[PDB]
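In the form solved without its partner chain, a lone chain appears below as structure tokens.
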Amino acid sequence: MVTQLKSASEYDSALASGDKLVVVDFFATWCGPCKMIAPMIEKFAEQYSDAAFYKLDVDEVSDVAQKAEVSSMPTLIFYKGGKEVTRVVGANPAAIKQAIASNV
């Protein structure tokens, strides 16, 4: 399951996980590719049980989106030990899957 982050607070606690891969999907409700990739992302969460998946609506938690420097949707950011390891800007199934598999 992909837990929606509702505040800056939730976002940050999500990140203090260490060693555990934390993956955040920055999306918008108006964003088409976001919608098309959302089912895939759920599949990936089932497969990669070693990693915690989340999503954050950029129009609800804007401050977090601006501080994470998200300027296109969807943007998947990969954290480990509270630090950004990488990110994928785009509804790119293959790149997202590889990013998860390789950083778990």
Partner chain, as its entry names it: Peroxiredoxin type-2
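Numbering follows the first chain given and starts at 1.
Only in words, not in the display: the form solved in complex with its partner chain, which the text now covers.
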**Prompt:** Hey, in the deposited bound form, is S71 touching its partner chain, heavy atoms inside 4.5 Å?
**Reply:** yes
**Asked** Is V58 close to its partner chain in the deposited bound form, meaning a heavy atom pair under 4.5 Å apart or at it?
**Response** yes
**4.5 angstroms heavy atom contact with its partner chain in the deposited bound form for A91** = yes
**Prompt:** Taking heavy atoms only, is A52 within 4.5 angstroms of its partner chain in the deposited bound form?
**Reply:** no
**Request:** Taking its partner chain as it sits in the deposited bound form, which residues of 1-33 have a non-hydrogen atom within 4.5 Å of it? Please list them.
**Result:** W30, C31, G32, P33
